[PDB]
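Reading through the structure tokens given below for one structure.
Any read-out appearing in this document is the output of simple, stated calculations on the displayed coordinates, not a laboratory observation. We place every Cβ from the backbone using ideal geometry, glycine too, and count neighbours over all the protein chains shown.
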Ligand SMILES: *[C@@H]1O[C@H](CO)[C@@H](O[C@@H]2O[C@H](CO)[C@@H](O[C@@H]3O[C@H](CO)[C@@H](O)[C@H](O)[C@@H]3O)[C@H](O)[C@H]2NC(C)=O)[C@H](O)[C@H]1NC(C)=O
Ligand SMILES: *[C@@H]1O[C@H](CO)[C@@H](O[C@@H]2O[C@H](CO)[C@@H](O)[C@H](O)[C@H]2NC(C)=O)[C@H](O)[C@H]1NC(C)=O
Ligand SMILES: *[C@H]1O[C@H](CO)[C@@H](O)[C@H](O)[C@@H]1O
Ligand SMILES: *[C@H]1O[C@H](CO)[C@@H](O)[C@H](O)[C@@H]1O
Ligand SMILES: *[C@H]1O[C@H](CO)[C@@H](O)[C@H](O)[C@@H]1O
Ligand SMILES: [Ca+2]
Ligand SMILES: [Ca+2]
Ligand SMILES: [Ca+2]
Ligand SMILES: [Ca+2]
Ligand SMILES: [Ca+2]
Ligand SMILES: [Ca+2]
Ligand SMILES: [Ca+2]
Ligand SMILES: [Ca+2]
Ligand SMILES: [Ca+2]
Ligand SMILES: [Ca+2]
Ligand SMILES: [Ca+2]
Ligand SMILES: [Ca+2]
Ligand SMILES: [Ca+2]
Ligand SMILES: [Ca+2]
Ligand SMILES: [Ca+2]
Ligand SMILES: [Cl-]
Ligand code: NA
């Protein structure tokens, strides 16, 4: 027949399986005679048959998962036989499955990826666990640690196969939590029959998507910089936040097309740092404030640009020095132009602003001009005090304009004002009065003297012409004696002067200047004094001579003594001084010192008596010399007759 038994797996060595002999009705000891034996090819290492008793034992521990591997039916087929008579028997030992194996996952560490943009209700398949046992001891269910985000959907397909699924219950946000960690378990149907459990650690990667745009913490930024800030100066460090992952979170900055081209020139913006710096010259005088239209953009797909605006206020700095500009200037200023006469006009500018653009002026020199201002920054240069061309030839006026910044800026400009001349000085003569000494009987048409004169003014106003002012001299005109060279001022004699008739005269000589508005002139006086010269000869006036060129006869008494006075000779000279001094002498007529005559007087007196002489026929006859003491010395002589009457 069919012999049947049932036994569990993993039974101990020696476990009772079944008594073949008893189930077949053959007594214990008759078995040995009949050749009770196991067919050789049907022997299994798992079963050992005791030939003496007919009882089956487990010989090697049976592992159902090793012999059948998930087969629904696990039967071991053995065969036994007896001899005389021959009897063959099939023996089926059905192996039963026990829950000695838990379910297991091929990957104990599992990772599934989900976009943070996943719609709830979406399902995400999962690794199926494997339980090598069969039937009620195989895979029974999946469990996930309780959470809000995911649930488990277990589906059975018939086929006794149970595989799992994830169910997203709520929307994910990678920006809040990008990694989720849950425990995944699978349990079998073991209910010591008890349940076994398997595990897989579950990790959700949350995928990113460009669901955030770059964000400026302000829509408008305002920064103030000083003008002339050096290129490279930090304007502002812009910042557009994007918490996304990777390129979706990388931001790049640029200028929006709204920006003015000028600001594009003057500003540079590093597209990756967002640093906005100066790349030109900030000229407050060109514009005081600039608009920078910036846009940021993330490098993810479907990128949407963000915007912002930086307003740069330029601070004014003192970088423009004042400029001076004369409207009109004149160099022609008269000396007699009263104080207040205008000489020049000018205006000042400073293209700065605020206190940097205010200008104050000073005139340099401590000179006879003042600055006057009606409207500020419009000026006049005027005369302070009266001018004197004779004291000031020209002038150099330098104006200095200086602004009210720090550092202050100053400019200077010079104009030269030439002092014009007026005929306001009268000529003066080298001397108030001159002394001219002229020889008697001089040369007519001769240079006798020279006069000088000087005038302080300029050119014509000091060009001199000389004159002899008309007067009267010896009953007629003064031009009869002297003429003046109207250019040189020379005094010339025109006639030979006779000291005896005229000896001195005086004329007022004049010098006029070439004055066009009003001629000016001065005068002086010249005294012509006349040297006397011995041109008159002396002549005797006493004693009076005879009729017709006949000597004077003065009687000497021969009866007379030494020192006896005869008479005195008097002469005359029309000259003056040593030219009319008079001395007297005798050359011939005296005999051995018989007579004597005085140097100055001309007195004849006897030196000695008349020895050896008594009224001789031939009387004595002297010759007397009258002389003056000038050069040339002139003389005149006379004859005397001394007759002897006692
Ligand atoms: C540009 O913008 C970014 C983002 O706004 C600024 O990042 C700032 O960075 C500091 C320093 O890393 C952050 O402080 C951090 O705090 C955490 C505490 O959670 C700490 O773990 C870190 O060690 C660090 O101390 C700060 O939160 C963050 N600021 C903001 C508003 O998020 C960056 O500073 C900006 N740069 C410029 C030049 O503007
Ligand atoms: C020659 O020059 C003298 C010096 O300038 C003249 O003297 C002046 O004469 C005026 C005319 O009356 C007087 O008012 C002034 O007081 C005089 N000046 C001085 C300094 O005393 C003089 O008049 C001139 N001669 C002539 C003929 O005109
Ligand atoms: C398998 O084992 C786990 C404990 O590790 C249980 O939670 C489960 O019910 C089954 O007994
Ligand atoms: C898998 O393993 C975990 C521990 O990692 C158990 O807690 C669970 O019951 C299953 O046996
Ligand atoms: C008068 O005459 C005498 C001579 O008689 C001269 O010597 C003198 O020089 C003057 O002419
Ligand atoms: Ca087993
Ligand atoms: Ca088993
Ligand atoms: Ca199992
Ligand atoms: Ca998000
Ligand atoms: Ca994102
Ligand atoms: Ca982004
Ligand atoms: Ca400037
Ligand atoms: Ca300026
Ligand atoms: Ca200035
Ligand atoms: Ca003058
Ligand atoms: Ca003058
Ligand atoms: Ca003059
Ligand atoms: Ca004479
Ligand atoms: Ca004379
Ligand atoms: Ca004489
Ligand atoms: Cl004369
Ligand atoms: Na849930």
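Between the alpha-carbon centres of the stretch 370-434 and the stretch 573-615 there is a gap of 88 Å.
Would you mind calculating the gained length between residue 433 and residue 265 on full extension (0.36 nm times residue separation, minus the Cα-Cα distance), in nm to one decimal? List each step's numbers first, then the result.
Numbers: separation 168, 0.36 × 168 = 60.48 nm, distance 9.01 nm.
Extra length from residue 433 to residue 265 when fully extended: 51.5 nm.
If you find the alpha carbon centre of the stretch 470-515 and of the stretch 280-319, how far apart are they in angstrom? Taking the Cα centre of each part, the stretch 470-515 and the stretch 280-319 sit 100 Å apart. Within the stretch 37-54, name every residue whose backbone N is under 11 Å away from a label modeled 7 Å from Cα of residue 28 along the Cβ vector. Output list for this probe position: 52-54. Paramagnetic label reach from residue 119 (point 7 Å along Cα→Cβ; backbone nitrogen cut-off under 19 Å): within the stretch 159-199, residues 166-173.
The label-point distance for residue 614 and residue 109, in a model that sets each label 7 Å from Cα toward Cβ, rounds to 20.9 nm. Per-residue ellipticity at 222 nm from helix content only, as computed over the chain with -39500 (n - 2.57) for each DSSP H run of at least four residues, stands at -500 deg cm²/dmol. For a paramagnetic label modelled on residue 469 (point 7 Å from Cα along Cα→Cβ), amide N atoms under 19 Å away belong, within the stretch 513-549, to 513-515, 519-529. Of interest is the spacing of the C-alpha centroids, which for the stretch 81-105 and the stretch 225-256 amounts to 82 Å. Only beta bridges with both residues in the stretch 215-315 are counted; by DSSP, about 75 percent of them are antiparallel. Of the peptides 609-619, 584-594, the order by per-residue mean of other Cβ atoms within 10 Å, starting with the highest, comes out as 584-594, 609-619.
Computed from label points 7 Å out along Cα-Cβ, the spacing between residue 420 and residue 441 is 6.2 nm.
Pulled fully out, how much extra length does the chain show between residue 406 and residue 275, if you take 0.36 nm times their separation in residues and subtract their Cα-Cα distance?
Details: separation 131, 0.36 × 131 = 47.16 nm, distance 3.17 nm.
Gain in length upon complete extension: 44.0 nm.
So if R0 is 22 Å, what FRET efficiency would residue 291 and residue 351 give, r being the distance between their Cβ atoms, rounded to the nearest 0.05? Using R0 = 22 Å, I get an efficiency of 0.40.
Using mean Cβ contacts within 10 Å as the protection proxy, how do 248-256, 150-158 order, highest first? Please report the intermediate quantities before stating the final value.
Details: 248-256: 17.6, 150-158: 12.7.
The peptides rank, most packed first, as 248-256, 150-158.
The length gained by stretching the chain between residue 334 and residue 559 to full extension, at 0.36 nm per residue less their Cα-Cα distance, is 70.8 nm.
At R0 = 25 Å, how high is the FRET efficiency between residue 547 and residue 591 if r is their beta carbon distance? Nearest 0.05 is fine. Write out the running numbers ahead of the final one.
Details: r = 27 Å, r/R0 = 1.10.
It comes to 0.35.
Any idea how far apart residue 372 and residue 623 come out in nm if each label point goes 7 Å out from Cα toward Cβ? Once both label points are built, they end up 9.9 nm from each other.
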